[PDB]
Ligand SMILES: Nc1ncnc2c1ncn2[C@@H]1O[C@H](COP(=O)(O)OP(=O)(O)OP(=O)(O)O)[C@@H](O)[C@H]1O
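Read the single chain below, which is given as structure tokens and is the form solved without this ligand.
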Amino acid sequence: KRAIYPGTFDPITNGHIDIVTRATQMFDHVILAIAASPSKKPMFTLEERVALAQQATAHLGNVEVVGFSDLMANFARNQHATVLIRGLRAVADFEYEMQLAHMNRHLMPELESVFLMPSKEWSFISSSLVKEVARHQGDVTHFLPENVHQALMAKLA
């Protein structure tokens, strides 16, 4: 049973770690797939994002961090994933998640979307807000693995 948990992870947060951890507890192998080139210039480069994610999940044995540049469904297919992990925060745009899951189902029906729920602690935080706050002199240490926190300070310095 191979699951894929895709995203930009720019950068990976405690919320993402929460979700991938839950995924590793119900599925044999989990591929944390990092989108290479997003429509908008990411704060960290793919190599940086992969390194940070690898370090943050080093303790999770059945987790494999990989980068990809094609349509997520095309990558999932070549990787033989049959489960698609989506994290649903309390502040998630549910309508958008439905659009996405149905489009992904159209593209690869053999890939089943599965939604996991983070702990209440990370249920109201989005990576976008974390970055905006950090870029504007706010403390976001609480939302990030220590390794990511250190990399973020260097990036904004």
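Counting begins at 1, following the sequence as shown.
There is another form of the same protein, the form deposited with this ligand bound; it is not shown, and what comes next is about it.
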{"item": "Contact flag, residue 125 vs this ligand in the entry with it bound, heavy atom cut 4.5 Å", "value": "yes"}
{"item": "Partner proximity in the entry with it bound: residue 89 to this ligand, non-hydrogen atom cutoff 4.5 Å", "value": "yes"}
{"item": "Contact test in the entry with it bound: residue 19 vs this ligand, heavy atoms, 4.5 Å", "value": "yes"}
{"item": "Contact test in the entry with it bound: residue 97 vs this ligand, heavy atoms, 4.5 Å", "value": "yes"}
{"item": "Sequence-ordered residues of 100-118 touching this ligand in the entry with it bound, heavy atom within 4.5 Å", "value": "118"}
